[PDB]
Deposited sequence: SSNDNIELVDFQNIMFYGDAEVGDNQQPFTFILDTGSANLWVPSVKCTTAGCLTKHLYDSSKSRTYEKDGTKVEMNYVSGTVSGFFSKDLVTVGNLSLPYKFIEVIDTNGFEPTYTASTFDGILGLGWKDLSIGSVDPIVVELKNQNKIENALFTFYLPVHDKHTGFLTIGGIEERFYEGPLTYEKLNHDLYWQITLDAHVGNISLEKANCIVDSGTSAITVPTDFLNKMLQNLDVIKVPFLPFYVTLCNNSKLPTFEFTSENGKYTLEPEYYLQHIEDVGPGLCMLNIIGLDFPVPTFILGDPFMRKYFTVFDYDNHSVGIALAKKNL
């Protein structure tokens, strides 16, 4: 299959490379199941941040198709803006002409953008999540008969153990062990499924759970989070929504998430980030109209995940500890 290497950056985040243009101009991406647009910064971007990145030049590519529709993308960390373009996009060994955003202004995305090592973002969500009604890249590959199955998988890197892969088009056995259970999407928007959630006696039945590679935390309803952390020797840190603890804290809880078909757990080792024997919890309280858990990178580090557009499902199995 088409494997894109996922490269750990100092155990903080992971990135993958892909190319744009028939001259294959190289970019580093966040590979984000929580979004659904592809963007790269343009040679026509002149902001401070752009001068530090790899840039796209439409003039150097023969397969460029103009669109020019203005567009702005909004993220938690800020906004980028520019215009739609179309060109050849190569992800590992596969390429296809594809619509994307050429970014001209990054000043509303700072300091994040200058302070990070990615050039752009490559969304892997569903069509209805995208600005511009862009068919997802994996769907388009399948439509243009370049892969048989419109699915992709994540096997995340683990610092100083092993690298990761985004695989497009088939499921490799080498990445997981135990049973692979598929959970049906509750909406074709995010990769969002319905699970019962428990920590000890704290529970939330039929929680909406979003599998988001673009987020390095588990997000939890604020009342659930408040209940789960009391009497634990975790310290809320003032002026910020973060929590610290002793790395060796034996009181720390395990999330359990269950469907009729599978049971998934996330122990403290997957959500603790070492920072003097002290660790931050990669868990954040967030309320939405549908009580939701965002199962970000800490969950995906434990569990290999399969994202299947043909079956409208997320497949979850234990990731193999080594490759």
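*Asks:* Counting from 1 along the deposited sequence, which stretches lack C-alpha positions?
*Replies:* Those stretches are 1 to 2, 278 to 281, listed in order.
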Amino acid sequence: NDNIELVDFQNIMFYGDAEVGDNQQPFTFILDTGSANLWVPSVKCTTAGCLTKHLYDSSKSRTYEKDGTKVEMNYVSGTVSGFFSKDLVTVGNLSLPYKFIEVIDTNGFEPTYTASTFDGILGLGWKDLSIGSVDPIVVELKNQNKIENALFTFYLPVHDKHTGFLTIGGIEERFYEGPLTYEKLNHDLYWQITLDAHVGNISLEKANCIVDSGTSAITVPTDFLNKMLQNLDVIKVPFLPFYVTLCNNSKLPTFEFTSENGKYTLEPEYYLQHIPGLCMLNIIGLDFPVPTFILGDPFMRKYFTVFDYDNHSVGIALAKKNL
From here on, numbers count along this sequence of modelled residues.
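*Asks:* Going by the B-factors listed in the PDB entry, is the mean over the C-alpha atoms higher for 60 to 68 or for 25 to 33?
*Replies:* Stretch with the higher mean C-alpha B-factor: 60 to 68.
*Asks:* Per the entry, where is the mean C-alpha temperature factor higher: 189 to 197 or 103 to 111?
*Replies:* Looking at the record's C-alpha B-factors, the answer is 103 to 111.
*Asks:* Highest Cα B-factor in the PDB entry belongs to which of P241, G82, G125, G170?
*Replies:* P241 has the highest C-alpha B-factor of those listed.
*Asks:* If you compare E205, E183, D119, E148, which has the highest Cα B-factor in the entry?
*Replies:* Answer for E205, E183, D119, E148: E148, with the highest C-alpha B-factor.
*Asks:* When the deposited Cα B-factors of this chain's modelled residues are ordered and cut into thirds, is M73 in the lowest, the middle or the highest one?
*Replies:* For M73, whose C-alpha B-factor we compare with every modelled residue in the chain, the answer is the middle third.
*Asks:* Considering only modelled residues of the same chain, in which third does the CA B-factor of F9 rank: lowest, middle or highest?
*Replies:* For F9, the deposited C-alpha B-factor lands in the highest third.
*Asks:* Determine, from the deposited record, the chain-internal third of the Cα B-factor for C279: lowest, middle or highest.
*Replies:* According to the entry, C279 has a C-alpha B-factor in the chain's highest third.
*Asks:* Going by the entry, which third of its chain does the Cα temperature factor of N231 land in?
*Replies:* Highest third - that is where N231 ends up once the chain's C-alpha B-factors are sorted.
*Asks:* Could you say whether, by C-alpha temperature factor, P298 belongs to the lowest, middle or highest third of its chain?
*Replies:* Bottom third by C-alpha B-factor.
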